[PDB]
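Here is the structure we will look at, set down as structure tokens.
Note that each Cβ is placed from the backbone with ideal geometry, even for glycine, and that neighbours are counted across all protein chains shown. The values are calculated or read from the model by the stated rules, or taken from the named source; no laboratory instrument gave them.
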Amino acid sequence: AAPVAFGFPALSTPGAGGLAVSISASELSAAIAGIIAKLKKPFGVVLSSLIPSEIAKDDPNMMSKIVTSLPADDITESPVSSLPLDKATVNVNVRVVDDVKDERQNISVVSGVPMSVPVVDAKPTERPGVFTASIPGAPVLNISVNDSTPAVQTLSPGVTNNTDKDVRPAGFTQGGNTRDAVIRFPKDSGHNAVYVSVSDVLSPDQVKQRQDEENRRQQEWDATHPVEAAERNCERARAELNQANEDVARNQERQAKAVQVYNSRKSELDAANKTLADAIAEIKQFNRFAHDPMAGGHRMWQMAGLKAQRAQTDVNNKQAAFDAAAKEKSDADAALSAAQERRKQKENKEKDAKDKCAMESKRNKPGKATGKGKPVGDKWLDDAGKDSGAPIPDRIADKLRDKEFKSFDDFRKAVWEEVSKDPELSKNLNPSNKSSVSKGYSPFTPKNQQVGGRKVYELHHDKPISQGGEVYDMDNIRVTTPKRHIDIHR
Amino acid sequence: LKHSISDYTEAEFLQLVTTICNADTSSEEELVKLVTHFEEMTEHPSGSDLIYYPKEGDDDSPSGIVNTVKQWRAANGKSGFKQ
């Protein structure tokens, strides 16, 4: 039962008796500690990438799961020992979770938010030093401690070990096929509590599905966080530019290199072409002795024959090589034109982006409220789902004007707070809804006006912020229901 | 940590609906996460409206909503609470 190193994802084919895992006592390597330390100061770092094509070569049935394990104390702030026996869920600082990024399913170490997991006790069994944790939704996970044999990292053609350990933002759908738990042993065993996540291996069809769902959630988040959706592009548009610039540089190297090779091969040829002319004159010289087979010359002639076929073959070889160099040089010259055209487009992209990144940055910098708004009725919030939405109400404008707000986010919170206190605007809000408006938050819409995760009334602008339109101008602003706004822009 | 309404006891479920109605959250994003979660447990057609846009004469206080979900689910062939 050679033990698998902590923090190194491996396949365990299940049995009828559940999964088989064998841990060690020996503490987790510099690597993972590194990651968890790095990661300490939702984002995450990829341990592995999965390739179903391969996993099936050995596990054709696709029954195999992917287990990964850590010693609980490295995850949890409160030692598992000093924890009530009534608690089913201990809080954790990081988790091991399946994510889907760049078109492969992959196992990875997540963090950056509040997280907390099942805690389950491990019943013992006939076998000596072998217990059964059963985590809801996984198979029976029968464990086995071993500090006798030196630790191993298992290597399976399906599961890869992605070197790039950059912290990247993590999946919205993270964990969608994972079940983890801190598992504790009974007190008279002396075995440390161990963390285990157990993830399904998604098939490529299922991965495209997660991928799709992942992209859709990203859209939502992008429309409900303009503040910094833009600030993200500016990174992608700057990265794409910095990369494209290097492309020019590497092309220049190839093309400046092709110019010398051209020049060199060109002169190699010239020389070799003079040598032919020399030898071919030398044969003209002794041409005389051509039909006198018993003369000094009819050797000296034959000799020139040879000098020439040699000198001639040489020319043929220098020519191929020169042609070839000429080809390379032409292709190279086009590679820059093409590659350097790419930089011009990428340099335009990064301008557009950086302009938008500063206009969409204004809505996160202070200002004074302005405008008059317009009269409204009892059906104020009803209007937010008709026409071009409902406007800010006059009565609200009046109460807010000239006041200073640290950020437009605060201006919304405040608009709703003047709606909660106004009986006629707030006539449409319920007790449960009113709890949200006065707590700041945007009030919820009817179901029929909701769209996925956008379930609450939105403040938008007519003349957008990205087209320099005033952030805080209440004649500008429009209350809309998620659906209504979505419809408005099509 | 809870995929079916049958993971919740009646008194456990009530707590979630009393969290949501009072808006007892650290952020609007965690509130909306709770409501989106509530919706899925109920499988109910009104959806979020059970809380924020109740029918005429329904009870919209935390309990009455637990009560609406309870009898609806039972009356349309659906699993019940824990216990």
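If you filter the range B:37-47 down to residues that are farther than 21 Å from A:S436 by Cα and surrounded by 15 or more Cβ atoms within 10 Å (Cβ to Cβ), you find that the one that is farthest from the other protein chains (Cβ to nearest Cβ) is B:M41. Across the range A:138-156, the qualifying residues are those that are in contact with a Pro (Cβ under 9 Å, 6 or more places away or on another chain) and within 18 Å of A:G17 (Cα to Cα), and the one among them that is surrounded by the most Cβ atoms within 10 Å (Cβ to Cβ) is A:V145. Inclusion of A:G377 among residues that are within 14 Å of chain B (Cβ to nearest Cβ), of a type outside the set (S, T, N, Q) and part of a loop (DSSP other than H, G, I, E, B) is not warranted.
Which count do you get for residues in the range B:46-83 that are farther than 21 Å from B:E12 by Cβ and among the charged types (D, E, K, R)? Going through the range B:46-83 one residue at a time, the tally reaches 4.
On the basis of being in a strand (DSSP E or B) and in contact with a strand residue (DSSP E or B) (Cβ under 7 Å, 6 or more places away or on another chain), does A:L28 make the cut? Against the criterion (in a strand (DSSP E or B) and in contact with a strand residue (DSSP E or B) (Cβ under 7 Å, 6 or more places away or on another chain)), A:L28 does not qualify. The set of residues in the range A:329-371 being over 30 Å from A:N245 (Cβ atoms) and exposed (fewer than 13 other Cβ atoms within 10 Å of the Cβ) consists of A:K365, A:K368. Any residue that is in a strand (DSSP E or B), aliphatic (A, V, I, L, M) and either within 13 Å of another protein chain (Cβ to nearest Cβ) or touching a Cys at 6+ places or on another chain (Cβ under 8 Å) (or both) - is there at least one of those in the range A:474-485? No; the residues of the range A:474-485 include none that is in a strand (DSSP E or B), aliphatic (A, V, I, L, M) and either within 13 Å of another protein chain (Cβ to nearest Cβ) or touching a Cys at 6+ places or on another chain (Cβ under 8 Å) (or both). Entry remark, the range A:118-143: residues being within 14 Å of chain B (Cβ to nearest Cβ) and touching a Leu at 6+ places or on another chain (Cβ under 7 Å) number 1 in total. Among residues of the range B:10-28 being within 9 Å of chain A (Cβ to nearest Cβ) and of a type in the set (D, E, K, R), the one that is surrounded by the most Cβ atoms within 10 Å (Cβ to Cβ) is B:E28. Note on the range A:426-441: among residues that are part of a loop (DSSP other than H, G, I, E, B) and buried (at least 20 other Cβ atoms within 10 Å of the Cβ), the one that is farthest from the other protein chains (Cβ to nearest Cβ) is A:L429.
Taking residues in the range B:54-83 that are more than 14 Å from chain A (Cβ to nearest Cβ), and partners anywhere that are in a loop (DSSP other than H, G, I, E, B) and of a type in the set (G, A, S), the pairs with Cβ atoms closer than 7 Å and at least 6 places apart or on different chains are B:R73/B:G80; B:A74/B:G80; B:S79/B:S4.
Across the range A:455-472, the qualifying residues are those that are surrounded by 21 or more Cβ atoms within 10 Å (Cβ to Cβ) and within 14 Å of chain B (Cβ to nearest Cβ), and the one among them that is nearest to A:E418 (Cα to Cα) is A:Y457. Scanning the range A:401-416 for residues that are among the charged types (D, E, K, R) and surrounded by 16 or more Cβ atoms within 10 Å (Cβ to Cβ) yields A:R412, A:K413. Among the residues examined, A:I465 qualifies as among the aliphatic types (A, V, I, L, M), under 29 Å from the mean Cα position of the chain (by Cα) and farther than 17 Å from B:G47 by Cβ. Restricting A:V92, A:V67 to residues that are more than 14 Å from every other protein chain (Cβ to nearest Cβ), part of a strand (DSSP E or B), of a type outside the set (S, T, Y) and under 22 Å from A:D200 (Cα atoms) narrows the list to A:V67. Close contacts from the range A:314-341, counting a first residue that is assigned by TED's automatic domain parsing to the domain that holds A:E246 and a second that is acidic (D, E), with Cβ to Cβ under 8 Å and a gap of 6+ residues or different chains, come to A:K318/A:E268; A:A321/A:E268; A:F322/A:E268; A:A339/A:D247. A single entry from B:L34, B:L50 fulfils the requirement of being within 14 Å of chain A (Cβ to nearest Cβ), in contact with a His (Cβ under 7 Å, 6 or more places away or on another chain) and of a type outside the set (V, I, T): B:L50. Just to be sure before I move on: is A:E103 loosely packed, with under 12 Cβ neighbours inside 10 Å, over 21 Å from A:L11 (Cβ atoms) and not small (G, A, S) in the structure I sent? Criteria not met by A:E103.
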